[PDB]
Every structure is written in structure tokens, then in C-alpha cells.
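Okay, so here's the structure we're looking at.
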Amino acid sequence: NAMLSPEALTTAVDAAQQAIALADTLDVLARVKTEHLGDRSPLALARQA
RNA sequence: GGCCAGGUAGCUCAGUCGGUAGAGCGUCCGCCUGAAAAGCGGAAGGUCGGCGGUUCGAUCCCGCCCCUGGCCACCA
Ligand SMILES: [Mg+2]
């Protein structure tokens, strides 16, 4: 429900994009991908819900 | 070229007919050891063979194609 509002999605997209722009090496980016796009990220749980 | 069964993690396989997909071993970390392994605890890792389509969304539905194993067939 609340996890599916455009406010809570944009909240997750904004946090995802923030970590992505801040990652400055390939190895930090991989951990960013895991946390903001992997099976347990906010955006992944919203597709599971 | 024919028939059957398949292609899912680094290896060996289970599984799923629309929104989470997994095990054994392999990898990494913490405690531990002088350093290890085991044990205990915790992670990473898959374009589910490919390209189109359908769909708000496809490992899963439709189309085309590719490869693997077995049994045939052919032959210097
Ligand atoms: Mg394999």
C-alpha cells in the first residue's frame, strides 16, 4: 500500500540515484546495485508486494 | 538429416504454466587460529539459452532461432 505510492517510490528512486551518483569506483557501484536494485532493495520489494 | 529428453549460480542439479527462484559444493566476511580448516553466524553471485511479440509487467504465454545429452541415420 504505502510502499506503492508515487511519494514512496520517488523516495526510493531518489535514494537509489543518490547512491549511484556518489559511487566513484566500480566496486562501490556493485554494492550500490545490491542495496538499491537487488532482490532486497526498496524497489524490488515493491514489485514483490 | 530423423526421434526423445533437456538448457536455471563458478560446478552438479531440483523447480516454477505473469509480479520472491532454490539446494549441494565453489566465492566473500565476523567469531575462532601464530596462520588455517572444521564448527557457529552472516553476505555476494542468475540478463532462468537468444532475439522479437503479447502485457502495466514474462524464466513461465505466442513466434523465430541457437546450443547440450542420449538413441538412430550417414561416411574417406
Ligand atoms: Mg550449468
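Chain identifiers are assigned as A, B, and so on, following the order in which chains appear in the C-alpha cells; residues are numbered from 1 within each chain, and ligands are numbered from 1 in order of appearance.
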Within 8 Å of ligand 1 (only C-alpha atoms (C1' of nucleotides) and all ligand atoms), residues as an MDAnalysis selection string: chainID B and resid 8 11:12
Could those residues be written to a file, using C-alpha atoms (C1' of nucleotides), as a PDB file, in the first residue's frame?
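Done, and the output landed in part_19.pdb:
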```pdb
ATOM      1  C1'   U B   8      18.159 -22.353 -14.466  1.00  0.00           C
ATOM      2  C1'   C B  11      30.443 -26.770 -10.965  1.00  0.00           C
ATOM      3  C1'   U B  12      26.180 -30.740 -10.462  1.00  0.00           C
TER       4        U B  12
END
```
With only C-alpha atoms (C1' of nucleotides) counted and 10 Å as the cut-off, give the residues of chain B in contact with chain A, each with its shortest interatomic distance in Å and the pair that gives it, as a Markdown table.
```
| residue | atom | partner | partner_atom | distance |
| --- | --- | --- | --- | --- |
| B:19 | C1' | A:47 | CA | 5.8 |
| B:20 | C1' | A:48 | CA | 6.4 |
| B:44 | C1' | A:34 | CA | 8.7 |
| B:57 | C1' | A:47 | CA | 9.2 |
```
Secondary structure check, helix (DSSP H, G or I) residues of segment 12-47 of chain A, as a count of residues only: 29
Interatomic distance, atom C1' of residue 54 of chain B to atom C1' of residue 21 of chain B (Å, one decimal):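 Atom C1' of residue 21 of chain B lies at a distance of 23.6 Å from atom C1' of residue 54 of chain B.
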Find the spatial neighbours of residue 15 of chain B, counting only C-alpha atoms (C1' of nucleotides), within a cut-off of 12 Å - ignore same-chain residues fewer than 2 positions away - and output them as a PDB file with N, CA and C atoms (P, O5', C5', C4', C3', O3' and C1' of nucleotides), in the first residue's frame.
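What follows is the written file part31.pdb:
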```pdb
ATOM      1  P     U B   8      21.787 -24.503 -17.826  1.00  0.00           P
ATOM      2  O5'   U B   8      20.751 -23.673 -16.947  1.00  0.00           O
ATOM      3  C5'   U B   8      20.269 -22.399 -17.344  1.00  0.00           C
ATOM      4  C4'   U B   8      19.655 -21.712 -16.161  1.00  0.00           C
ATOM      5  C3'   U B   8      20.420 -21.903 -14.865  1.00  0.00           C
ATOM      6  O3'   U B   8      21.549 -21.075 -14.758  1.00  0.00           O
ATOM      7  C1'   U B   8      18.159 -22.353 -14.466  1.00  0.00           C
ATOM      8  P     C B  13      24.267 -32.679 -14.328  1.00  0.00           P
ATOM      9  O5'   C B  13      23.098 -32.850 -13.257  1.00  0.00           O
ATOM     10  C5'   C B  13      21.843 -32.210 -13.418  1.00  0.00           C
ATOM     11  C4'   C B  13      21.193 -32.063 -12.073  1.00  0.00           C
ATOM     12  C3'   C B  13      19.770 -31.541 -12.039  1.00  0.00           C
ATOM     13  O3'   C B  13      18.804 -32.539 -12.315  1.00  0.00           O
ATOM     14  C1'   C B  13      21.054 -30.391 -10.448  1.00  0.00           C
ATOM     15  P     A B  21      11.829 -14.698  -8.325  1.00  0.00           P
ATOM     16  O5'   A B  21      12.080 -16.271  -8.432  1.00  0.00           O
ATOM     17  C5'   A B  21      11.043 -17.218  -8.168  1.00  0.00           C
ATOM     18  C4'   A B  21      11.592 -18.552  -7.708  1.00  0.00           C
ATOM     19  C3'   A B  21      12.192 -18.550  -6.310  1.00  0.00           C
ATOM     20  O3'   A B  21      12.040 -19.841  -5.721  1.00  0.00           O
ATOM     21  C1'   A B  21      13.903 -18.968  -7.913  1.00  0.00           C
ATOM     22  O5'   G B  22      17.060 -18.766  -3.810  1.00  0.00           O
ATOM     23  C5'   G B  22      16.153 -19.378  -2.909  1.00  0.00           C
ATOM     24  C4'   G B  22      16.187 -20.885  -3.004  1.00  0.00           C
ATOM     25  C3'   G B  22      17.537 -21.553  -2.816  1.00  0.00           C
ATOM     26  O3'   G B  22      17.952 -21.626  -1.465  1.00  0.00           O
ATOM     27  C1'   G B  22      16.430 -22.539  -4.642  1.00  0.00           C
ATOM     28  P     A B  23      19.509 -21.803  -1.120  1.00  0.00           P
ATOM     29  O5'   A B  23      19.748 -23.377  -1.207  1.00  0.00           O
ATOM     30  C5'   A B  23      18.883 -24.295  -0.549  1.00  0.00           C
ATOM     31  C4'   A B  23      19.251 -25.721  -0.882  1.00  0.00           C
ATOM     32  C3'   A B  23      20.732 -26.051  -0.769  1.00  0.00           C
ATOM     33  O3'   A B  23      21.104 -26.396   0.544  1.00  0.00           O
ATOM     34  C1'   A B  23      19.912 -26.822  -2.845  1.00  0.00           C
ATOM     35  P     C B  48      16.977 -14.313 -17.351  1.00  0.00           P
ATOM     36  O5'   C B  48      17.247 -15.709 -16.661  1.00  0.00           O
ATOM     37  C5'   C B  48      18.220 -16.582 -17.214  1.00  0.00           C
ATOM     38  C4'   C B  48      17.905 -18.035 -16.966  1.00  0.00           C
ATOM     39  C3'   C B  48      16.870 -18.671 -17.890  1.00  0.00           C
ATOM     40  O3'   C B  48      17.314 -19.969 -18.254  1.00  0.00           O
ATOM     41  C1'   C B  48      16.210 -18.938 -15.618  1.00  0.00           C
ATOM     42  P     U B  59      11.442 -12.735 -17.035  1.00  0.00           P
ATOM     43  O5'   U B  59      12.021 -14.207 -17.086  1.00  0.00           O
ATOM     44  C5'   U B  59      12.610 -14.721 -18.267  1.00  0.00           C
ATOM     45  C4'   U B  59      12.550 -16.222 -18.263  1.00  0.00           C
ATOM     46  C3'   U B  59      11.175 -16.822 -18.519  1.00  0.00           C
ATOM     47  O3'   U B  59      10.904 -16.930 -19.905  1.00  0.00           O
ATOM     48  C1'   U B  59      12.166 -17.846 -16.619  1.00  0.00           C
ATOM     49  P     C B  60       9.443 -16.614 -20.487  1.00  0.00           P
ATOM     50  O5'   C B  60       8.537 -17.696 -19.768  1.00  0.00           O
ATOM     51  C5'   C B  60       8.788 -19.089 -19.883  1.00  0.00           C
ATOM     52  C4'   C B  60       7.772 -19.854 -19.083  1.00  0.00           C
ATOM     53  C3'   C B  60       6.324 -19.514 -19.459  1.00  0.00           C
ATOM     54  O3'   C B  60       5.513 -20.687 -19.446  1.00  0.00           O
ATOM     55  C1'   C B  60       6.672 -19.089 -17.154  1.00  0.00           C
TER      56        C B  60
END
```
Nearby residues (only C-alpha atoms (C1' of nucleotides)) at most 8 Å from residue 13 of chain A, same-chain spacing under 4 positions excluded, as a list in words: residues 9, 17 and 43 of chain A
Selection near residue 12 of chain A, 7 Å with only C-alpha atoms (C1' of nucleotides), sequence-local residues under 4 positions removed, as an MDAnalysis selection string: chainID A and resid 8 16 42:43
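The space separating atom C1' of residue 45 of chain B from atom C1' of residue 9 of chain B comes to 6.7 Å.
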Point-to-point distance in Å for atom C1' of residue 24 of chain B and atom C1' of residue 39 of chain B: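 Atom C1' of residue 39 of chain B sits 18.2 Å away from atom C1' of residue 24 of chain B.
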